[PDB]
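A single chain comes next, written as structure tokens; it is the form deposited in one PDB entry.
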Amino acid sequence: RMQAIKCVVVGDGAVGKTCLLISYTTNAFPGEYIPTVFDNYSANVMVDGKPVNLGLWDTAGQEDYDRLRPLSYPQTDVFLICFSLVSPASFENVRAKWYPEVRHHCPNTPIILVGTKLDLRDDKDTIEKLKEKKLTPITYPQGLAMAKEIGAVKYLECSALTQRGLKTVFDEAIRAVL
């Protein structure tokens, strides 16, 4: 049977988990935000000339799905823990929620920490809106330190919108398994 990888994507609502998956697998970007309960993407990649099936599992960022979400975790090979680079609350939830939940169910599964919406970090309006609430975007060093703190294999930054660093996220997930 063709070699297969199950990758599960978790993180707060609105961080960009669904756009990450749509943009990576089809190069499209959806025009309207519809909250995810569960969704799936089956895609083939060539890894050193051999086909690999990527089973990508999308999950709900909302607290109301906390009891169902872990039921999708069995047989996971790698987790993507996602936070938005322009949402400090979503960053803090990596330590307060996502890392503890993933580790409770899957103590030995590799984690990639993913900073999303890279395109917004330099956006003056986004910066000013954060600044008005005494906040600042998450910097690369901050993300890196959080990755070290939670034992993540790798810290990566990307934009689903521009596709900057997007392919690298999934390539690194593959490398964490194969």
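Residues that one form lacks are left out of the comparison. Residues carry their position along the shown sequence, with the first being 1. Throughout, rigid core stands for the largest set of C-alpha atoms superposing within 1.5 Å between the two forms.
Keep in mind that the form deposited in another entry is not shown, yet the notes after this line are about it.
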item: 2 Å-or-more CA mover between this form and the one not shown, where superposition uses the core and the choices are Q62, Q142, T136, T126; value: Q62
item: Flag for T109, CA shift 2 Å or larger between this form and the one not shown after aligning core; value: no
item: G151 C-alpha shift between this form and the one not shown of 2 Å or more, rigid core reference; value: no
item: Core superposition between this form and the one not shown, C-alpha change of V47 at least 2 Å; value: yes
item: Closer or farther in the other form: C-alpha pair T25, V37 (3 angstroms or more); value: closer
item: Cα-Cα shift for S72 and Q62, closer or farther in the other form, minimum 3 Å; value: closer
item: Segments displaced between this form and the one not shown (3 or more residues, each Cα shift of 2 Å or more, core-superposed); value: 28 to 39, 47 to 51, 60 to 65
